[PDB]
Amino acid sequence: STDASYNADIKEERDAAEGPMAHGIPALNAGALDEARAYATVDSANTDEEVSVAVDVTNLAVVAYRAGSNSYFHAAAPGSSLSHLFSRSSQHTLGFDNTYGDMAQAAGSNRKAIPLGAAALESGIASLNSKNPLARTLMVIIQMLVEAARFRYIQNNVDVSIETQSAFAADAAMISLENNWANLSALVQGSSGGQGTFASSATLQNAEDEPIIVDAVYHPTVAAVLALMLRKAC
């Protein structure tokens, strides 16, 4: 239950799944990944009820998770992923993917209507070790662990939380950033001939719910926030 422990945590996640940067912001490895290195395993313990996450190091997606003697792969999991993930376990398959639009449909709620912080993934892991209606615990886990490594801003949201010692939900700030992770990248890689200027206006919201129309990379909301960028070009 510390910021440093948590800081170091996502740090080891940012510098373990990153190949040479572009505008100073690192980028995930491209198809140059063997199925024998496309999967990263992360552990997560609490009251000693721990899980294991199997993320894709090319795009940072959770392809399944272990529970002692049971693993649970998302519906969008390719075949070759079961034959070399948590094989020594009793495999299983879920009825949805790692998408939010999916896990949102499941839970019946969503990121904005979901509290985050220490007192959140604490029980998030419990539901997992146990079982069902864990859809939500995927919101307050993928977001607390994965969506915080790509943006320094969501880490400082999950960090300023442990700080102030309260709980909180994902505002329009983290959501816009989150769902614009594919565009941003594409727009920052496709934007090399226009030297620091995208082709459209990506809208991200500030903490005061003020819509922001980012046009270039010369904005703090880009160079300082983005920590890991998806690999797409032009």
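Position 1 is the first residue in the sequence shown; the rest follow in order.
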Comparing mean C-alpha B factor in the record for 38-46 and 51-59, the higher one is 38-46
If you average the CA temperature factors over each stretch, which comes out higher, 28-36 or 178-186? 28-36
Reading the B-factor column of the entry, which of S201, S191, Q165, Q205 has the highest value at its C-alpha atom? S201
Based on the PDB entry, the highest CA temperature factor among the options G95, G101, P115, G108 is that of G95
Please say which third, lowest, middle or highest, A227 falls into when its CA temperature factor is compared across its chain. lowest
Would you mind checking where the Cα B-factor of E12 ranks among the modelled residues of its chain, as the lowest, middle or highest third? middle
Divide the modelled residues of the chain into thirds by Cα B-factor and specify which third, lowest, middle or highest, holds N156. lowest
State the tercile, meaning the lowest, middle or highest third, of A149 with respect to the CA B-factors recorded for its chain. middle
In terms of the CA temperature factor given in the entry, to which third of its chain does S71 belong: lowest, middle or highest? middle
